[PDB]
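Just one chain follows, in the form deposited in one PDB entry, and it is written as structure tokens.
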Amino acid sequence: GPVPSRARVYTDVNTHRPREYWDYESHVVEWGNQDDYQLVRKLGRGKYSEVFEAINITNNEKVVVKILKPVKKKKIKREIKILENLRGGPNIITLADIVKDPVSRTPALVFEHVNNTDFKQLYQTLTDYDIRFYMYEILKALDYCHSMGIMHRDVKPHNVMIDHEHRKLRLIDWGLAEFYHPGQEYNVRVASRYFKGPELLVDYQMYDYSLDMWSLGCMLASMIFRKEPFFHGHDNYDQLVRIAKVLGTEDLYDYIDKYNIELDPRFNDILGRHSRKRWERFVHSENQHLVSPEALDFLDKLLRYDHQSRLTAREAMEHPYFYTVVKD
């Protein structure tokens, strides 16, 4: 069978914290008053919720209200517990309140408001310095939640709110996040297609925080190469082919061989043979101002098949890529 795997860092965080830290099924929600918040406009509708701009009339404060669609109470308490465990963390969205929505019959989460510009406009104008700056700010958030025993599992541009005027970043949408427990087998149906790690795409369930580092690598490649998304698969199978055409098939086989994993035989007719490419081939006159040797080396150390070989968030913050970023 498959070879087990554990994270190389923060392995035992949850087994040394009290059961109440991670046993989200037993969490008792503390309810606020739903009448404190007036909905202003709908911002978005997802698979599991709808998001609204709102105002706290007992505050005059702008907030964001996320009203949950029905899903098993386990996953609602999971997201609530995770947001409360992480509240106050560097660049973590702050959960201000929780209420019962009378119409939906489901909880509604109240968040701090971030005056963000959508990434499709923002990524068109981010400079080399901006990308390094915001990548460092994301790394602060990930190392924090990783150090707190939590993996986000849905890192993507949509889940990174940026108020570019105030240089403020928040990592949002913790609805897929989960507590890391060594040896635990997790659902591989997480993250968006373009940001799924190879571990998900080969159905290896004993993954860890390093999944988020793959997703971050995918974001980085889209930004510095100005190709969003970078690995643009048509489905989950073609997604791994897209990755293999860049990272090569020999290291893909080394990866699945290390973990005693087999590919789905439907890859037989589609995967092919590919050498590993030099990242410089994606450089051209329209993105070269975003690319440096340090950028390519950093990206190369995030986008590894072997989840055990990717930089940790901590190690990533040590990379020369960030030497130019002013640290507060």
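Start at 1 and count along the sequence shown; that's the residue number.
In what follows, reference is made to the form solved in complex with a small molecule, a form of this protein that is not presented.
Peer 1: Indicate whether the small molecule has at least one heavy atom within 4.5 Å of a heavy atom of residue 96 in the deposited bound form.
Peer 2: Contact with the small molecule, no.
Peer 1: With a 4.5 Å heavy atom cut-off, would you call residue 158 a contact of the small molecule in the deposited bound form?
Peer 2: Yes, residue 158 lies within 4.5 Å of the small molecule in the deposited bound form.
Peer 1: Looking in the deposited bound form, any heavy atom of residue 243 within 4.5 Å of the small molecule?
Peer 2: No.
Peer 1: Would you please decide whether residue 134 lies within 4.5 angstroms of the small molecule in the deposited bound form, comparing each non-hydrogen atom pair?
Peer 2: Contact with the small molecule, yes.
Peer 1: Taking the small molecule in the deposited bound form as the reference, which of 213, 191, 82, 162 has a non-hydrogen atom within 4.5 Å?
Peer 2: Looking at the other structure, the residue within range turns out to be 162.
Peer 1: Only one of 141, 86, 247, 223 gets a heavy atom within 4.5 Å of the small molecule in the deposited bound form. Which one?
Peer 2: Contact residue from the list: 223.
Peer 1: At 4.5 angstroms, heavy atoms only, are 206, 303 and 309 all close to the small molecule in the deposited bound form?
Peer 2: No, the candidate spot makes no contact with the small molecule.
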